[PDB]
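Chemist: File work33.cif follows (mmCIF, C-alpha atoms):
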```cif
data_input
loop_
_atom_site.label_atom_id
_atom_site.label_comp_id
_atom_site.auth_asym_id
_atom_site.auth_seq_id
_atom_site.Cartn_x
_atom_site.Cartn_y
_atom_site.Cartn_z
CA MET Y 1 -5.62 -43.47 -3.64
CA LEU Y 2 -2.00 -43.11 -2.54
CA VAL Y 3 0.30 -41.20 -4.89
CA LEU Y 4 3.62 -43.01 -5.28
CA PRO Y 5 6.28 -44.02 -7.79
CA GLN Y 6 5.24 -47.01 -9.90
CA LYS Y 7 8.14 -49.03 -8.49
CA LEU Y 8 6.68 -48.40 -5.05
CA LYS Y 9 3.20 -49.36 -6.23
CA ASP Y 10 4.77 -52.61 -7.42
CA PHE Y 11 6.50 -53.01 -4.06
CA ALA Y 12 3.13 -52.94 -2.30
CA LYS Y 13 2.23 -56.25 -3.95
CA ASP Y 14 5.04 -58.56 -2.83
CA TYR Y 15 5.10 -56.70 0.49
CA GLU Y 16 1.48 -57.69 1.09
CA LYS Y 17 2.41 -61.29 0.34
CA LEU Y 18 5.37 -60.80 2.67
CA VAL Y 19 3.16 -59.52 5.50
CA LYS Y 20 0.52 -62.23 5.08
CA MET Y 21 3.22 -64.92 5.02
CA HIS Y 22 4.75 -63.82 8.34
CA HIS Y 23 2.31 -65.87 10.42
CA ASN Y 24 3.13 -69.13 8.64
CA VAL Y 25 6.86 -68.38 8.65
CA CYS Y 26 7.04 -67.87 12.42
CA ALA Y 27 4.60 -70.73 13.01
CA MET Y 28 6.63 -73.27 11.05
CA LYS Y 29 9.78 -72.01 12.76
CA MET Y 30 8.31 -72.71 16.19
CA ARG Y 31 6.95 -76.05 15.00
CA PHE Y 32 10.58 -76.91 14.27
CA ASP Y 33 11.91 -75.42 17.51
CA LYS Y 34 9.47 -77.42 19.64
CA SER Y 35 10.12 -80.61 17.68
CA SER Y 36 13.84 -80.04 18.17
CA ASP Y 37 13.44 -79.77 21.94
CA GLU Y 38 11.32 -82.93 22.22
CA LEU Y 39 13.55 -85.10 20.04
CA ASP Y 40 15.22 -87.65 22.31
CA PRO Y 41 17.36 -90.63 21.21
CA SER Y 42 16.44 -92.37 24.47
CA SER Y 43 12.73 -92.18 23.61
CA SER Y 44 10.69 -94.94 21.98
CA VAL Y 45 9.18 -92.72 19.29
CA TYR Y 46 12.59 -91.29 18.42
CA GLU Y 47 13.11 -92.73 14.93
CA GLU Y 48 9.59 -91.63 13.99
CA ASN Y 49 10.13 -88.15 15.43
CA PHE Y 50 13.54 -87.99 13.75
CA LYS Y 51 11.92 -88.48 10.34
CA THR Y 52 9.21 -85.97 11.25
CA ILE Y 53 11.62 -83.21 12.31
CA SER Y 54 13.25 -83.59 8.88
CA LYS Y 55 9.91 -82.99 7.16
CA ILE Y 56 9.27 -80.00 9.42
CA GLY Y 57 12.79 -78.70 8.82
CA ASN Y 58 12.58 -78.87 5.03
CA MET Y 59 9.11 -77.35 5.13
CA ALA Y 60 10.39 -74.52 7.31
CA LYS Y 61 13.34 -73.91 5.00
CA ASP Y 62 10.96 -73.76 2.03
CA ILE Y 63 8.55 -71.19 3.48
CA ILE Y 64 11.45 -69.06 4.76
CA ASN Y 65 13.25 -69.17 1.40
CA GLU Y 66 9.90 -68.30 -0.18
CA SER Y 67 9.76 -65.25 2.09
CA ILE Y 68 13.39 -64.37 1.38
CA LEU Y 69 12.69 -64.35 -2.37
CA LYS Y 70 9.80 -61.90 -2.09
CA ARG Y 71 11.90 -59.92 0.39
CA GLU Y 72 14.94 -59.68 -1.90
CA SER Y 73 12.62 -58.79 -4.78
CA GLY Y 74 10.98 -56.03 -2.77
CA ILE Y 75 14.37 -54.71 -1.70
CA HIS Y 76 15.48 -54.25 -5.31
CA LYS Y 77 12.34 -52.20 -5.96
CA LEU Y 78 13.25 -50.02 -2.99
CA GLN Y 79 16.82 -49.66 -4.26
CA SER Y 80 15.49 -48.77 -7.72
CA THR Y 81 13.15 -46.11 -6.34
CA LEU Y 82 15.97 -44.75 -4.20
CA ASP Y 83 18.25 -44.44 -7.23
CA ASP Y 84 15.54 -42.54 -9.10
CA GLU Y 85 15.15 -40.12 -6.19
CA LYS Y 86 18.91 -39.60 -5.93
CA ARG Y 87 18.96 -38.75 -9.66
CA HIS Y 88 16.20 -36.19 -9.35
CA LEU Y 89 18.06 -34.78 -6.36
CA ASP Y 90 21.34 -34.69 -8.29
CA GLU Y 91 19.66 -32.86 -11.18
CA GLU Y 92 18.01 -30.35 -8.84
CA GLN Y 93 21.43 -29.70 -7.32
CA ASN Y 94 22.82 -29.22 -10.83
CA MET Y 95 20.14 -26.62 -11.58
CA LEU Y 96 21.18 -24.86 -8.39
CA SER Y 97 24.85 -24.75 -9.40
CA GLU Y 98 24.05 -23.50 -12.90
CA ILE Y 99 21.87 -20.66 -11.62
CA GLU Y 100 24.54 -19.50 -9.18
CA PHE Y 101 27.27 -19.84 -11.80
CA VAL Y 102 25.22 -17.99 -14.43
CA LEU Y 103 24.44 -15.26 -11.89
CA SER Y 104 28.19 -15.04 -11.33
CA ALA Y 105 28.65 -14.53 -15.07
CA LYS Y 106 25.96 -11.85 -15.15
CA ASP Y 107 27.52 -10.02 -12.20
CA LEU Y 108 30.97 -10.10 -13.80
CA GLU Y 109 29.51 -8.83 -17.07
CA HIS Y 110 27.68 -6.12 -15.13
CA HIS Y 111 31.02 -5.08 -13.62
CA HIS Y 112 33.10 -4.81 -16.79
CA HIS Y 113 30.30 -2.54 -18.01
CA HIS Y 114 31.38 0.02 -15.41
CA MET X 1 -6.15 -49.22 0.22
CA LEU X 2 -2.50 -49.99 -0.48
CA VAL X 3 -0.70 -52.13 2.09
CA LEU X 4 2.74 -50.70 2.85
CA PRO X 5 5.21 -49.98 5.65
CA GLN X 6 4.28 -46.87 7.65
CA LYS X 7 7.52 -45.20 6.58
CA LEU X 8 6.39 -45.68 2.99
CA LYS X 9 2.93 -44.33 3.79
CA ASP X 10 4.72 -41.28 5.16
CA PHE X 11 6.84 -41.09 2.01
CA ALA X 12 3.69 -40.79 -0.10
CA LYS X 13 2.99 -37.39 1.46
CA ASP X 14 6.15 -35.42 0.66
CA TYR X 15 6.37 -37.30 -2.64
CA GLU X 16 2.97 -35.91 -3.62
CA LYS X 17 4.21 -32.43 -2.76
CA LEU X 18 7.33 -33.27 -4.75
CA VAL X 19 5.31 -34.31 -7.81
CA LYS X 20 2.96 -31.32 -7.66
CA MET X 21 5.93 -28.95 -7.30
CA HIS X 22 7.67 -30.23 -10.43
CA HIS X 23 5.72 -27.94 -12.75
CA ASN X 24 6.70 -24.78 -10.88
CA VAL X 25 10.30 -25.94 -10.48
CA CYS X 26 10.84 -26.48 -14.21
CA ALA X 27 8.81 -23.38 -15.06
CA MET X 28 10.88 -21.07 -12.87
CA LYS X 29 14.04 -22.69 -14.22
CA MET X 30 13.04 -21.85 -17.80
CA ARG X 31 11.94 -18.37 -16.74
CA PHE X 32 15.54 -17.91 -15.61
CA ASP X 33 17.05 -19.56 -18.70
CA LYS X 34 15.09 -17.32 -21.07
CA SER X 35 15.87 -14.21 -19.03
CA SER X 36 19.54 -15.19 -19.11
CA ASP X 37 19.52 -15.44 -22.90
CA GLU X 38 17.82 -12.06 -23.40
CA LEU X 39 20.03 -10.14 -20.98
CA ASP X 40 22.20 -7.81 -23.04
CA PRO X 41 24.53 -5.08 -21.69
CA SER X 42 24.18 -3.27 -25.02
CA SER X 43 20.40 -3.04 -24.57
CA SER X 44 18.51 -0.06 -23.15
CA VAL X 45 16.48 -2.07 -20.66
CA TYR X 46 19.59 -3.88 -19.43
CA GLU X 47 19.88 -2.48 -15.90
CA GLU X 48 16.18 -3.18 -15.35
CA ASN X 49 16.49 -6.70 -16.74
CA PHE X 50 19.65 -7.23 -14.70
CA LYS X 51 17.74 -6.54 -11.49
CA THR X 52 14.88 -8.73 -12.71
CA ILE X 53 17.06 -11.76 -13.51
CA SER X 54 18.34 -11.55 -9.92
CA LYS X 55 14.79 -11.76 -8.58
CA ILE X 56 14.07 -14.67 -10.91
CA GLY X 57 17.34 -16.35 -9.95
CA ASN X 58 16.73 -16.13 -6.20
CA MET X 59 13.14 -17.25 -6.68
CA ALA X 60 14.33 -20.22 -8.73
CA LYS X 61 16.92 -21.14 -6.11
CA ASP X 62 14.23 -21.01 -3.43
CA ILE X 63 11.72 -23.30 -5.15
CA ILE X 64 14.49 -25.75 -6.11
CA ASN X 65 15.91 -25.83 -2.57
CA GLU X 66 12.33 -26.30 -1.38
CA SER X 67 12.10 -29.33 -3.67
CA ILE X 68 15.51 -30.61 -2.57
CA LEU X 69 14.41 -30.53 1.08
CA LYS X 70 11.31 -32.64 0.47
CA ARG X 71 13.43 -34.86 -1.77
CA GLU X 72 16.16 -35.42 0.83
CA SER X 73 13.45 -36.03 3.44
CA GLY X 74 11.74 -38.60 1.24
CA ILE X 75 15.06 -40.30 0.54
CA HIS X 76 15.71 -40.86 4.25
CA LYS X 77 12.31 -42.54 4.54
CA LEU X 78 13.29 -44.83 1.66
CA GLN X 79 16.63 -45.58 3.32
CA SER X 80 14.85 -46.29 6.61
CA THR X 81 12.38 -48.67 4.96
CA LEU X 82 15.25 -50.36 3.14
CA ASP X 83 17.14 -50.91 6.40
CA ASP X 84 14.04 -52.48 7.95
CA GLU X 85 13.71 -54.85 5.00
CA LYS X 86 17.39 -55.79 5.15
CA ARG X 87 16.94 -56.62 8.85
CA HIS X 88 13.96 -58.86 8.23
CA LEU X 89 15.97 -60.49 5.45
CA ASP X 90 18.98 -60.93 7.73
CA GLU X 91 16.81 -62.55 10.41
CA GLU X 92 15.15 -64.87 7.88
CA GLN X 93 18.62 -65.91 6.74
CA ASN X 94 19.55 -66.52 10.38
CA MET X 95 16.54 -68.80 10.82
CA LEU X 96 17.71 -70.69 7.74
CA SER X 97 21.21 -71.19 9.15
CA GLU X 98 19.91 -72.33 12.54
CA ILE X 99 17.57 -74.91 11.00
CA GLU X 100 20.35 -76.38 8.86
CA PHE X 101 22.80 -76.33 11.77
CA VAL X 102 20.27 -77.92 14.14
CA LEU X 103 19.48 -80.57 11.53
CA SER X 104 23.22 -81.20 11.38
CA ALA X 105 23.21 -81.74 15.14
CA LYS X 106 20.24 -84.10 14.91
CA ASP X 107 21.90 -86.11 12.13
CA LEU X 108 25.14 -86.41 14.10
CA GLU X 109 23.20 -87.49 17.19
CA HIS X 110 21.30 -89.99 15.05
CA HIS X 111 24.64 -91.41 13.89
CA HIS X 112 26.32 -91.89 17.28
CA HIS X 113 23.18 -93.82 18.17
CA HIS X 114 24.24 -96.51 15.69
#
```
Take the structure in the file and write it out as structure tokens.
Modeler:
Amino acid sequence: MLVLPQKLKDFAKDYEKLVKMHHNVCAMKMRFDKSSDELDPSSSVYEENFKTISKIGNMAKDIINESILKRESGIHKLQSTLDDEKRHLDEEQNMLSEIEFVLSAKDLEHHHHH
Amino acid sequence: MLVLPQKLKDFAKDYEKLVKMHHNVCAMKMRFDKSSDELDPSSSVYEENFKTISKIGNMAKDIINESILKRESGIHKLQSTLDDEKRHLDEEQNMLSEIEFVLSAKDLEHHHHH
């Protein structure tokens, strides 16, 4: 029971996916980093490892891009919520100006009376 | 049980205050608007109403400014969370560049071998 904008309730969904993904993202990244360090043209399992590091690379690019998508999507929800808050703020600041300006009009009117 | 950044969990607090305030903010605003319409220098209760509309005005400016404060505070939490997400995104995009660039190095190495 957390009270939030709906756009922020929606953000909680792809953010959860984003958080749960993080393990696999960093894991696949290191699986590529290690494979990159071991790859040696002088070796006898080189051609096999060369094909493998391509599989690992593509698979790492896929999971990362999958994370980027959810990340970019979640960012737009944050930007949307931020715009809404800036609008409410802008309107509240408008109400403040009107009150002061109206009070100026009342004071002027109260002066010409005397 | 909503899974969110801590900065967004913190945002939920002053946003709740912000939502609960909204009734009193709009109510005091209309209490001023009505009082402004009724105020008449020709009237016989004018001087009394003139003092009253000043009380209402100040009280409306206070509750609005009180809402603005919580609003500006909540906005900075949104901006903070957004910056964090843009960083994670920027790092994920860095991992993507490195993988592609490393794979370029491996391919070049695999070519000079032949």
Chemist: Counting only C-alpha atoms, which residues in chain X sit no more than 7 Å from chain Y? For each one, give the nearest pair of atoms and the distance in Å, sorted by chain then residue number, as a Markdown table.
Modeler:
```
| residue | atom | partner | partner_atom | distance |
| --- | --- | --- | --- | --- |
| X:1 | CA | Y:1 | CA | 6.9 |
| X:2 | CA | Y:12 | CA | 6.6 |
| X:3 | CA | Y:12 | CA | 5.9 |
| X:4 | CA | Y:12 | CA | 5.6 |
| X:12 | CA | Y:4 | CA | 5.6 |
| X:15 | CA | Y:4 | CA | 6.9 |
| X:16 | CA | Y:3 | CA | 6.1 |
| X:57 | CA | Y:99 | CA | 6.5 |
| X:61 | CA | Y:96 | CA | 6.1 |
| X:64 | CA | Y:92 | CA | 6.4 |
| X:68 | CA | Y:89 | CA | 6.2 |
| X:71 | CA | Y:89 | CA | 6.5 |
| X:75 | CA | Y:82 | CA | 6.6 |
| X:78 | CA | Y:82 | CA | 6.4 |
| X:82 | CA | Y:78 | CA | 6.5 |
| X:85 | CA | Y:75 | CA | 6.7 |
| X:89 | CA | Y:68 | CA | 6.2 |
| X:92 | CA | Y:64 | CA | 6.4 |
| X:96 | CA | Y:61 | CA | 6.1 |
| X:99 | CA | Y:57 | CA | 6.5 |
```
Chemist: Would you write out those residues with C-alpha atoms, as a JSON list (two decimals), keeping the file's coordinate frame?
Modeler:
```json
[["chain", "number", "residue", "atom", "x", "y", "z"],
["X", 1, "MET", "CA", -6.15, -49.22, 0.22],
["X", 2, "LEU", "CA", -2.50, -49.99, -0.48],
["X", 3, "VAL", "CA", -0.70, -52.13, 2.09],
["X", 4, "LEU", "CA", 2.74, -50.70, 2.85],
["X", 12, "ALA", "CA", 3.69, -40.79, -0.10],
["X", 15, "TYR", "CA", 6.37, -37.30, -2.64],
["X", 16, "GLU", "CA", 2.97, -35.91, -3.62],
["X", 57, "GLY", "CA", 17.34, -16.35, -9.95],
["X", 61, "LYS", "CA", 16.92, -21.14, -6.11],
["X", 64, "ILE", "CA", 14.49, -25.75, -6.11],
["X", 68, "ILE", "CA", 15.51, -30.61, -2.57],
["X", 71, "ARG", "CA", 13.43, -34.86, -1.77],
["X", 75, "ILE", "CA", 15.06, -40.30, 0.54],
["X", 78, "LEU", "CA", 13.29, -44.83, 1.66],
["X", 82, "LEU", "CA", 15.25, -50.36, 3.14],
["X", 85, "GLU", "CA", 13.71, -54.85, 5.00],
["X", 89, "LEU", "CA", 15.97, -60.49, 5.45],
["X", 92, "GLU", "CA", 15.15, -64.87, 7.88],
["X", 96, "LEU", "CA", 17.71, -70.69, 7.74],
["X", 99, "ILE", "CA", 17.57, -74.91, 11.00]]
```
Chemist: Kindly give the distance, in Å, that separates CA of residue 31 (chain Y) and CA of residue 59 (chain Y), rounded to a single decimal.
Modeler: 10.2 Å
Chemist: In Å to one decimal, how far is CA of residue 51 (chain X) from CA of residue 101 (chain Y)?
Modeler: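 Here the two named atoms are 16.4 Å from each other.
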Chemist: Mind giving me the straight-line distance from CA of residue 66 (chain Y) to CA of residue 23 (chain Y) in Å, one decimal?
Modeler: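 Straight-line distance from CA of residue 66 (chain Y) to CA of residue 23 (chain Y) works out to 13.3 Å.
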Chemist: As AutoDock Vina command-line options, please report the centre and edge lengths, rounded to one decimal in Å, of the axis-aligned box that holds all listed atoms of region 48-57 of chain X with 3 Å of padding on each of the six sides.
Modeler:
```
--center_x 16.9 --center_y -9.8 --center_z -12.7 --size_x 11.6 --size_y 19.2 --size_z 14.2
```
Chemist: Would you mind putting back N, CA, C and O atoms on region 76-101 of chain X, then writing it out as a PDB file, in the frame of the given file?
Modeler:
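This is the output file result.pdb:
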```pdb
ATOM      1  N   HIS X  76      15.393 -40.279   2.945  1.00  0.00           N
ATOM      2  CA  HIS X  76      15.710 -40.860   4.250  1.00  0.00           C
ATOM      3  C   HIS X  76      14.637 -41.853   4.682  1.00  0.00           C
ATOM      4  O   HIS X  76      14.928 -42.823   5.381  1.00  0.00           O
ATOM      5  N   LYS X  77      13.398 -41.611   4.266  1.00  0.00           N
ATOM      6  CA  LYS X  77      12.310 -42.540   4.540  1.00  0.00           C
ATOM      7  C   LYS X  77      12.499 -43.824   3.739  1.00  0.00           C
ATOM      8  O   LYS X  77      12.197 -44.916   4.219  1.00  0.00           O
ATOM      9  N   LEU X  78      12.998 -43.680   2.516  1.00  0.00           N
ATOM     10  CA  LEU X  78      13.290 -44.830   1.660  1.00  0.00           C
ATOM     11  C   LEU X  78      14.449 -45.636   2.232  1.00  0.00           C
ATOM     12  O   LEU X  78      14.411 -46.865   2.246  1.00  0.00           O
ATOM     13  N   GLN X  79      15.479 -44.935   2.695  1.00  0.00           N
ATOM     14  CA  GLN X  79      16.630 -45.580   3.320  1.00  0.00           C
ATOM     15  C   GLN X  79      16.231 -46.306   4.597  1.00  0.00           C
ATOM     16  O   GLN X  79      16.717 -47.402   4.873  1.00  0.00           O
ATOM     17  N   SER X  80      15.344 -45.690   5.371  1.00  0.00           N
ATOM     18  CA  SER X  80      14.850 -46.290   6.610  1.00  0.00           C
ATOM     19  C   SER X  80      14.074 -47.573   6.330  1.00  0.00           C
ATOM     20  O   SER X  80      14.285 -48.589   6.992  1.00  0.00           O
ATOM     21  N   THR X  81      13.176 -47.517   5.353  1.00  0.00           N
ATOM     22  CA  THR X  81      12.380 -48.670   4.960  1.00  0.00           C
ATOM     23  C   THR X  81      13.276 -49.790   4.436  1.00  0.00           C
ATOM     24  O   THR X  81      13.037 -50.970   4.696  1.00  0.00           O
ATOM     25  N   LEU X  82      14.313 -49.404   3.702  1.00  0.00           N
ATOM     26  CA  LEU X  82      15.250 -50.360   3.140  1.00  0.00           C
ATOM     27  C   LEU X  82      16.035 -51.076   4.236  1.00  0.00           C
ATOM     28  O   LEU X  82      16.278 -52.279   4.150  1.00  0.00           O
ATOM     29  N   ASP X  83      16.423 -50.330   5.266  1.00  0.00           N
ATOM     30  CA  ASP X  83      17.140 -50.910   6.400  1.00  0.00           C
ATOM     31  C   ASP X  83      16.272 -51.920   7.129  1.00  0.00           C
ATOM     32  O   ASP X  83      16.747 -52.983   7.528  1.00  0.00           O
ATOM     33  N   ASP X  84      14.997 -51.585   7.298  1.00  0.00           N
ATOM     34  CA  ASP X  84      14.040 -52.480   7.950  1.00  0.00           C
ATOM     35  C   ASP X  84      13.897 -53.785   7.175  1.00  0.00           C
ATOM     36  O   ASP X  84      13.833 -54.860   7.767  1.00  0.00           O
ATOM     37  N   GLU X  85      13.848 -53.682   5.852  1.00  0.00           N
ATOM     38  CA  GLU X  85      13.710 -54.850   5.000  1.00  0.00           C
ATOM     39  C   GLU X  85      14.965 -55.713   5.004  1.00  0.00           C
ATOM     40  O   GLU X  85      14.887 -56.938   4.920  1.00  0.00           O
ATOM     41  N   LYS X  86      16.123 -55.070   5.099  1.00  0.00           N
ATOM     42  CA  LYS X  86      17.390 -55.790   5.150  1.00  0.00           C
ATOM     43  C   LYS X  86      17.547 -56.524   6.476  1.00  0.00           C
ATOM     44  O   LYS X  86      18.231 -57.543   6.547  1.00  0.00           O
ATOM     45  N   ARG X  87      16.915 -55.996   7.524  1.00  0.00           N
ATOM     46  CA  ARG X  87      16.940 -56.620   8.850  1.00  0.00           C
ATOM     47  C   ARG X  87      16.082 -57.870   8.860  1.00  0.00           C
ATOM     48  O   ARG X  87      16.490 -58.916   9.365  1.00  0.00           O
ATOM     49  N   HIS X  88      14.877 -57.741   8.318  1.00  0.00           N
ATOM     50  CA  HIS X  88      13.960 -58.860   8.230  1.00  0.00           C
ATOM     51  C   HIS X  88      14.583 -59.959   7.385  1.00  0.00           C
ATOM     52  O   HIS X  88      14.479 -61.140   7.708  1.00  0.00           O
ATOM     53  N   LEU X  89      15.257 -59.554   6.313  1.00  0.00           N
ATOM     54  CA  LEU X  89      15.970 -60.490   5.450  1.00  0.00           C
ATOM     55  C   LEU X  89      17.090 -61.187   6.206  1.00  0.00           C
ATOM     56  O   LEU X  89      17.264 -62.400   6.100  1.00  0.00           O
ATOM     57  N   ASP X  90      17.852 -60.408   6.967  1.00  0.00           N
ATOM     58  CA  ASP X  90      18.980 -60.930   7.730  1.00  0.00           C
ATOM     59  C   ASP X  90      18.520 -61.927   8.793  1.00  0.00           C
ATOM     60  O   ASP X  90      19.198 -62.918   9.060  1.00  0.00           O
ATOM     61  N   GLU X  91      17.365 -61.660   9.393  1.00  0.00           N
ATOM     62  CA  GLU X  91      16.810 -62.550  10.410  1.00  0.00           C
ATOM     63  C   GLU X  91      16.274 -63.834   9.780  1.00  0.00           C
ATOM     64  O   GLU X  91      16.428 -64.918  10.344  1.00  0.00           O
ATOM     65  N   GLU X  92      15.649 -63.707   8.614  1.00  0.00           N
ATOM     66  CA  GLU X  92      15.150 -64.870   7.880  1.00  0.00           C
ATOM     67  C   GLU X  92      16.299 -65.773   7.453  1.00  0.00           C
ATOM     68  O   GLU X  92      16.163 -66.995   7.418  1.00  0.00           O
ATOM     69  N   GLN X  93      17.432 -65.161   7.126  1.00  0.00           N
ATOM     70  CA  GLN X  93      18.620 -65.910   6.740  1.00  0.00           C
ATOM     71  C   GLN X  93      19.269 -66.559   7.956  1.00  0.00           C
ATOM     72  O   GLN X  93      19.925 -67.593   7.841  1.00  0.00           O
ATOM     73  N   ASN X  94      19.076 -65.949   9.122  1.00  0.00           N
ATOM     74  CA  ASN X  94      19.550 -66.520  10.380  1.00  0.00           C
ATOM     75  C   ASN X  94      18.743 -67.755  10.756  1.00  0.00           C
ATOM     76  O   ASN X  94      19.295 -68.755  11.213  1.00  0.00           O
ATOM     77  N   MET X  95      17.429 -67.670  10.566  1.00  0.00           N
ATOM     78  CA  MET X  95      16.540 -68.800  10.820  1.00  0.00           C
ATOM     79  C   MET X  95      16.900 -69.971   9.922  1.00  0.00           C
ATOM     80  O   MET X  95      16.780 -71.127  10.319  1.00  0.00           O
ATOM     81  N   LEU X  96      17.345 -69.662   8.709  1.00  0.00           N
ATOM     82  CA  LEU X  96      17.710 -70.690   7.740  1.00  0.00           C
ATOM     83  C   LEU X  96      18.990 -71.402   8.174  1.00  0.00           C
ATOM     84  O   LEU X  96      19.096 -72.621   8.063  1.00  0.00           O
ATOM     85  N   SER X  97      19.955 -70.633   8.671  1.00  0.00           N
ATOM     86  CA  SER X  97      21.210 -71.190   9.150  1.00  0.00           C
ATOM     87  C   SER X  97      21.003 -72.074  10.373  1.00  0.00           C
ATOM     88  O   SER X  97      21.573 -73.160  10.470  1.00  0.00           O
ATOM     89  N   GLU X  98      20.185 -71.595  11.306  1.00  0.00           N
ATOM     90  CA  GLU X  98      19.910 -72.330  12.540  1.00  0.00           C
ATOM     91  C   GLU X  98      19.267 -73.679  12.248  1.00  0.00           C
ATOM     92  O   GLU X  98      19.679 -74.696  12.802  1.00  0.00           O
ATOM     93  N   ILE X  99      18.262 -73.683  11.377  1.00  0.00           N
ATOM     94  CA  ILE X  99      17.570 -74.910  11.000  1.00  0.00           C
ATOM     95  C   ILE X  99      18.532 -75.940  10.421  1.00  0.00           C
ATOM     96  O   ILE X  99      18.530 -77.101  10.824  1.00  0.00           O
ATOM     97  N   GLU X 100      19.360 -75.502   9.479  1.00  0.00           N
ATOM     98  CA  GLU X 100      20.350 -76.380   8.860  1.00  0.00           C
ATOM     99  C   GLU X 100      21.376 -76.869   9.877  1.00  0.00           C
ATOM    100  O   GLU X 100      21.777 -78.032   9.850  1.00  0.00           O
ATOM    101  N   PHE X 101      21.795 -75.983  10.774  1.00  0.00           N
ATOM    102  CA  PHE X 101      22.800 -76.330  11.770  1.00  0.00           C
ATOM    103  C   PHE X 101      22.218 -77.267  12.835  1.00  0.00           C
ATOM    104  O   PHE X 101      22.903 -78.168  13.317  1.00  0.00           O
TER     105      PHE X 101
END
```
